[PDB]
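Structure assessment
Below are the chains, spelled out letter by letter.
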Amino acid sequence: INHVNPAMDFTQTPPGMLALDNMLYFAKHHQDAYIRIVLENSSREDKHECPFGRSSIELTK
Amino acid sequence: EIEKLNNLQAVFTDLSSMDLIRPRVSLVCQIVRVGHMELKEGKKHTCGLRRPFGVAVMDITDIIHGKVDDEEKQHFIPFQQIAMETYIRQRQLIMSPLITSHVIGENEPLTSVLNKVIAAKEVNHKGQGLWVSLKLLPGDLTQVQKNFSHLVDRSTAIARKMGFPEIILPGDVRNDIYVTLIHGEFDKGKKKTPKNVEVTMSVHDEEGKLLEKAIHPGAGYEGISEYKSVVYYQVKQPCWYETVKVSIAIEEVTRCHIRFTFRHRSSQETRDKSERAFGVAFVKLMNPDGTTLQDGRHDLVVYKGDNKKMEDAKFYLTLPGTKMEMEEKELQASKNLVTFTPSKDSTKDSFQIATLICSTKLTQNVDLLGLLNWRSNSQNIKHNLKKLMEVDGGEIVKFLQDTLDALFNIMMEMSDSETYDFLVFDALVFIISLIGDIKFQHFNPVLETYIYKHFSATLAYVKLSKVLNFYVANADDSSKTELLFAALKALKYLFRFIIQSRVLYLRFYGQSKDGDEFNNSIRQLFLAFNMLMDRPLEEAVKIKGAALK
C-alpha cells in the first residue's frame, strides 16, 4: 500500500528478517521459477494479483 | 488475432507409443518476425518480410507419459533467440586493437542451433518465452470432440504428424501431401552477398496458371495461392529446415506442375518490389509411367539467365527441376545428342527437398504401376513378380483390391506360363500374409467386401487348387518349403477365394462339369497333407506343426 516508506512491513517478527533470508536463498537457487514468479505476477492488475512481499510475511509468520 | 488469445486448444495427432520410445522426446518451437526486414531504421524496408528470431525448446519425454496430470501448469519454455546483443560484448576489449568482424544473426546453421539448444543445459532467456500445458489425449477426433469438449472444442486446431499409423483403418482419409525444405547452394559471385532468395513456390495447372489456396504452410491454418519464405542473411549454403503442406484434388494434381521462383530481395522496399525472380525452378507431380515422384531427399535443380523460357508454361513442362530427372535427361542425352542438351543457363545455386507424402492415392512404386497397366508391359511380369515380395506393405494396402483384380487378370487372361502363375500364387501369399497382421487387421472387412461383392474370378479355384496341391505334395525341396510355410500360415483366406471362385462358376454355369474332379483335387490335397506328415519331418517340423495348426 505504501511506496514512500517501503520497509514498514519489516517490523513484525514473526518473522522480520528471515522472510528476507527466505527470498535471498530462493534467489540463489530456484532462479528459474523465481523469475517465473516475477514475470507471472506481471499481468493481473485486478485484485487477483498476489503480493510476494505480503504473501511472504503472512506465510512465514 | 486475439481470437486465439484465450481459447488455444490444440491437438497434433498421429502420435503413438512407437513415437514415445524415441529415447528422448522434445518439441521444437521457432518463431519468426514478420514486417520490416530488420528491426532498425535509416531506410525503408519491405513491409512483411521475415528473418528468424529464435527457438523455444522443452523436452516432453515423460511429459507425454502423463504421470503428472496438471491442467493449469504453464511450464515455461526458455525462448532461446538469436543473440542480437552488441551492447557490452565489444565496447571494452583493451590492450590489443585489431578488430574487423561481422554479425551472424541469420548467418547461423540450423543443425547447430537445434542440437545446441538441446545440449545447452541453460538458456538465460532474459525473461522471454511463453506458457503452455501439453496434454496427451488417447483416441481421435471422436473422443476429444465428444468426451473432452473442455479439452478439445470444434475450433481446436489440428496438426497431422509425418506418420502413417500403426492402427491403420481403411479410408483413413489422407489427401495430405507433405513436402519439406532444407537447404540449397547459393554462392557469392559479383555481389559477394549470396543472393537473398525468398522461396516463391507456386502451384500451377498443366499450363503455368496459378491455382488458389493449394499451399497450407500451417496445419490448422488455411491455404494460400502464393507463398513467401523466411530470409537468411546471405548464407552461402543456406539451410531452412522449412516445412509447408499442400492438398490437391487427386485428379487435378495428376495434371499439375508446381513452379518455384527465387526472387532477389534488396534491403529497400521499392527495389525489393521491382526486382523479379532471378531463378525459376519447379517440379512435376507425376511420372510418365503414371507413378508420382519417389520420396526422399531430392536435391533440386534451378537456373538463372532466361526469364521467358522459365515462364513459357507449355514449354518448361519439359525442363529439369530435380536430380533423378536431371540425370535421366542427361543420360537420354548421353545416348542421343538430339532434342535434349544440357544448357548454359545454369548458375552455381542449388536447393533440395526431402519429400515424404502421406496420401492414399499417389503411388511411388514403379513395379506396382508396371503391374497395373500390364497389358502394355506384361513382359516384366517376370521381374514384376520377382520384386513384388520386396514391396512395402503400405503401398500395397493402399490399392490392394485393385492390385488383386489386376493379378486375377494376369492369371485368367494369361494362362500360358503356369510357372508365372506359380509366381502369382506366391505374390498373393505375400499379400495375404501382410493382411493377416495386426498392423493391417482393419482391411479384412474390405477383403470380405471385395470377395462377396467384386470377386469376379470363375476359373481361379480349379487352377489354384492344382497349384497349391502341387506345392504341398512336392515340397520336399528346402527352398520350396518357406513358400509353403507362409502358405500354411495363409490357408483360410485363399480358401475363401477358392470357394467364392467355385460358387461364382456354378452360378454362372448352373451345374458342374468338374465337381467330380474338383472334389477329387480336394481328396488328393488331403492325401498330399498325409504324405507330408509322413515324410521325414526333419525337413518341415515347424511347417507341419503349422499345417495341423
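Residues numbered from 1 in each chain as written, not as in the entry; some residues may be left out. Chains lettered and ligands numbered in written order. Part of a larger assembly, values for the part shown. Heavy atoms only, no water.

Going by the annotation in the PDB entry, the name recorded for chain B is Dedicator of cytokinesis protein 5, with Homo sapiens given as the source organism. In the PDB, the entry goes by the title "Cryo-EM structure of the DOCK5/ELMO1 complex, focused on one protomer".

Under the PDB entry, the name given to chain A is Engulfment and cell motility protein 1, and the source organism is Homo sapiens.

Before going further, it helps to examine the overall build of chain B. Within chain B, the regular secondary structure consists of 17 helices and 16 strands. Expressed along its principal axes, the backbone C-alpha trace of chain B runs to roughly 100 × 70 × 45 Å. In chain B, buried positions account for 39% of the 549 residues. Sequence-distant contacts in chain B: of pairs separated by 6 or more residues, those separated by 24 or more amount to 72%. With an accessible surface of roughly 33100 Å², chain B has 59% of that area assigned to carbon and sulfur atoms. (Helix = DSSP H or I, 4+ residues; strand = E, 2+ residues; numbered from the N terminus. Buried < 20%, exposed > 50% of the residue type's maximum accessible area, 1.4 Å probe, protein only. Contact = heavy atoms within 4.5 Å. Areas by Shrake-Rupley, 256 points an atom, 1.4 Å probe, with all protein chains shown as cover.)

What follows covers the packing of aromatic side chains. Residue and element names in this part refer to chain B. Scanning all chains against the criterion turns up 20 aromatic pairs over all chains. Between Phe262 and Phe351, the aromatic rings sit 6.3 Å apart at their centres with planes inclined by 85°, giving edge-to-face as the arrangement. One end of the pair, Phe262, is in strand β12 (residues 258-264); the other, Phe351, is in strand β15 (residues 351-355), and 89 residues separate them in sequence. In terms of burial, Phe262 and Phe351 fall into one category: buried. A ring pair is formed by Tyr461 and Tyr505, whose centres lie 6.1 Å apart and whose planes are at 45°; its orientation type is tilted. With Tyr461 in helix α13 (residues 460-473) and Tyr505 in helix α15 (residues 491-509), the pair connects residues that are 44 residues apart, well separated along the chain. Side by side, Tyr461 and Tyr505 carry an identical accessibility label, which is buried. Aromatic rings pair up to connect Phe186, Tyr232, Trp240, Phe262 and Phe351 into one cluster. (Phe/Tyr/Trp six-rings, centres within 6.5 Å; stacked < 30°, edge-to-face > 60°.)

Sheet strands line up and pair through hydrogen bonds in the backbone, either parallel or antiparallel. Residue and element names in this part refer to chain B. Here we have three strands laid out as an open sheet, ordered β2-β3-β5, and antiparallel in their pairing. Lying at the two open borders of the sheet, with one neighbouring strand each, are β2 (26-33) and β5 (79-81). Across this sheet, the average inter-strand angle for adjacent strands is 25°, counted without regard to direction. The pairing of strand β3 (residues 51-59) with β5 spans three bridges and is classified as antiparallel. In the strand pairing of β5, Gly54 is matched with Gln81. (Pairing = 2+ DSSP bridges. Axes fitted to C-alpha atoms, helices over the stretch in contact; angles between N-to-C directions.)

Residue and element names in this part refer to chain B. Reading across the sheet, the three strands line up as β9-β12-β13 and stay open at both edges, with antiparallel pairing between neighbours. Strand pairing shows two members of the sheet lacking a second neighbour, β9 (197-203) and β13 (277-283), which therefore form its edges. Put simply, the sheet's adjacent strands are angled 20° from each other on average, direction ignored.

Taken residue by residue, the interface counts four residues in chain B and four residues in chain A. Taking both partners together, chain B and chain A bury about 390 Å²; carbon and sulfur atoms supply 67% of that area. Put simply, chain B and chain A have zero salt bridges between them. Counting the contacts that link chain B with chain A gives zero residue pairs in polar contact. The residue inventory of the side of chain B that touches chain A, partitioned by class, reads one nonpolar, two polar and one charged. (Buried area = accessible area lost by both parts, 1.4 Å probe. Salt bridge = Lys/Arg side-chain N within 4 Å of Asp/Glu carboxyl O. Polar contact = N/O pair within 3.5 Å; in protein donor to acceptor, adjacent residues only side chain to side chain. Nonpolar A, V, L, I, M, F, W, Y, C, P; charged D, E, K, R; others polar.)

Here we take up unusual backbone geometry. Of note, the amide linkage connecting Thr13(A) to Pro14(A) takes the cis form, showing an omega dihedral of 10°. Following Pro14(A), the chain continues to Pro15(A) via a peptide bond in cis, the omega torsion being -20°. For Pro15(A), the position within the fold is in the segment before α1 (18-29). Not every positive phi belongs to a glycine, and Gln234(B) is a case in point at roughly 60°. Within the fold, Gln234(B) resides in the loop between β10 (215-216) and β11 (239-246). By relative accessible area, which is 18% here, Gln234(B) ends up buried.

Let's shift gears to the packing of α13(B) against helix α16 (residues 515-532) of chain B. Any two packed helices are characterised by how steeply their axes cross, that is the angle between the axes, and by the distance between the axes. All names here are of chain B. Contact geometry for α13 and α16: axes closest at 9 Å, N-to-C directions at 15°. Compared by their axis directions, α13 and α16 come out roughly parallel. Both α13 and α16 take part in a crossing whose hand is left-handed. Contact with α13, carried on its side by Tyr461, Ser465, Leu468, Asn469, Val472 and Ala473, involves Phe518, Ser521, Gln524, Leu525, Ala528, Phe529, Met531 and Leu532 of α16 and no other residues of that element. Per-class residue counts for the contact of α13 with α16 are 10 nonpolar, four polar and no charged. (Parallel < 35°, antiparallel > 145°, perpendicular 65-115°, else oblique. Left-handed = near helix turned anticlockwise from the far one by under 90°.)

Moving on, we come to the environment of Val38(A). Residue and element names in this part refer to chain A. With respect to the helices, strands and loops of the structure, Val38 is situated in helix α2 (residues 31-40). On the accessibility criterion, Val38 (40% relative accessible area) is partly exposed. Counting along the chain gives 14 residues from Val38 to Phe52, while the straight-line C-alpha distance between them is 8.9 Å.

Residues and elements named next belong to chain A. A cluster of nonpolar side chains, contributed by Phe10, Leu20, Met23, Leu24, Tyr25 and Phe52, occupies part of the molecular surface with about 540 Å² of accessible area. With four residues, the top contributor of residues to the nonpolar patch is α1. Here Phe52 shows up in helix α3 (residues 52-60). (Patch = residues over 30% accessible without salt bridge, like charges linked within 9 Å, V, L, I, M, F, W, Y side chains within 5 Å.)

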